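To start, the structure under review is shown below, and the notes come after it.
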Amino acid sequence: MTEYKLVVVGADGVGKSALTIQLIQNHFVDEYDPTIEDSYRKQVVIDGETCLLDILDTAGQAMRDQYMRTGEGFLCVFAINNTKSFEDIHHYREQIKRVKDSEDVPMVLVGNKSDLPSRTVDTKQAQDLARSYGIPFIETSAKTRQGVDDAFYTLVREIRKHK
Ligand SMILES: Nc1nc2c(ncn2[C@@H]2O[C@H](COP(=O)(O)OP(=O)(O)CP(=O)(O)O)[C@@H](O)[C@H]2O)c(=O)[nH]1
Ligand SMILES: O=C1N[C@H](c2c([C@H]3CCCN3)[nH]c3ccccc23)c2ccccc21
Ligand SMILES: [Mg+2]
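Numbering (the entry's author numbering), first residue to last: 1 to 61, 66 to 167.
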């Protein structure tokens with residue numbers, strides 16, 4: 001069984017933990033409990049093959069150089085109602101390029117909080133940014149579970165291609 005080390009990164013509050021907990025536990029955390037560093041594991045079938053997901057949920061607010073070196077793929081999460089978090093994607097992208105010394109690191113752009121009525125980043129904006137970096141884009145809601153499996157499964161597919 002192939003293991004995949006996945007890292008969830010993004011600004012403080014975009015929903016990194018809520019997305020990961022939805023994937024693992026199938027429920028929505030309404031609380032705001034800032035993360036230091038948590039890991040989760042889940043066995044899944046993706047495209048007919050069992051995969052072990054070893055997922056690191058990171059702080060948005066240390067081990068960063070180390071987890072970027074170890075991580076095989078990155079979910080780069082922003083919130084669709086927070087423009088600052090969208091612009092922060094450039095910073096996370098640049099760091100990952102730096103630590104890994106490559107321009108083709110498996111990544112997926114995730115626009116979370118799609119259920120909220122305060123949208124400030126339209127789908128075209130996000131699709132343009134993802135196209136500019138050569139990565140897929142997935143809209144998610146940790147509240148309704150929209151796109152959660154698809155976001156993580158798409159990242160695994162990007163890792164599979166890279167190997
Ligand atoms: N409506 C809605 N709320 C969400 C969604 N995702 C997260 N939230 C809410 O946003 C807040 C922050 O979510 P959380 O998962 O803690 O964000 P985080 O990026 O891990 C915060 P940190 O970087 O400090 O660990 C929580 O109150 C959570 O319920 C979503 O898809 N929809
Ligand atoms: O070299 C490191 N291995 C750690 C690790 C884990 C752990 C959790 C329980 C089993 N593997 N799963 C991961 C997923 C993505 C990236 C890093 C990890 C880690 C954590 C933090 C910093 C460096 C490192
Ligand atoms: Mg968190």
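Where is the CB? At the ideal position from N, CA and C, for every residue including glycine.
Between which two residues does the beta strand (DSSP E) holding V112 run?
It spans 111-116 - the beta strand (DSSP E) in which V112 sits, taken as one unbroken run.
Going by DSSP, what residue range makes up the beta strand (DSSP E) through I46?
Element bounds for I46: 37-46.
Where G77 falls, given that 16 or more other Cβ within 10 Å makes a residue buried
Here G77 is buried. Its C-beta has 16 or more other C-beta atoms within 10 Å.
Look at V160 and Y4 and say whether their C-beta atoms are less than 7 Å apart.
In this structure, the beta-carbon distance from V160 to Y4 falls below 7 Å.
So which of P34, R164, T127, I163 has the shortest CA-CA distance to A83?
The shortest CA-to-CA distance from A83 to any of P34, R164, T127, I163 is the one to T127.
Got a sec, what are the start and stop residues for the alpha helix (DSSP H) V103 sits in?
Counting along the chain, the unbroken alpha helix (DSSP H) around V103 starts and ends at 93-104.
Among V14, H27, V125, the one whose alpha carbon lies nearest that of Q61:
Comparing alpha carbon positions, the residue from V14, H27, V125 closest to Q61 is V14.
Could you say if the region 23-38 and the region 87-107 meet the contact criterion of at least three C-beta pairs nearer than 8 Å?
No: the two stretches stay apart, fewer than three of their Cβ pairs being nearer than 8 Å.
In angstroms, rounded to a whole number, what distance separates the CA positions of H94 and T50?
Distance between the alpha carbons of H94 and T50: 33 Å.
Check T58 in the structure and name its three-state DSSP category.
When DSSP states are grouped into helix, strand and coil, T58 belongs to the strand group.
Just curious, the alpha helix (DSSP H) that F156 is in, first and last residue?
152-166 is the span of the alpha helix (DSSP H), which, as asked, contains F156.
I want to check one thing, is the minimum distance from the CB of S17 to the heavy atoms of ligand 2 below 6 Å?
For ligand 2, not one heavy atom lies less than 6 Å from the Cβ of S17.
In three-state terms, what does DSSP make of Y32?
The DSSP-derived three-state label of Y32 is coil.
Contact under 7 Å by Cβ, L120 with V8:
Their beta carbons are not under 7 Å apart, which means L120 does not touch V8 by this criterion.
Cβ of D54 within 7 Å of Cβ of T20?
In this structure, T20 does not lie closer than 7 Å to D54 by Cβ.
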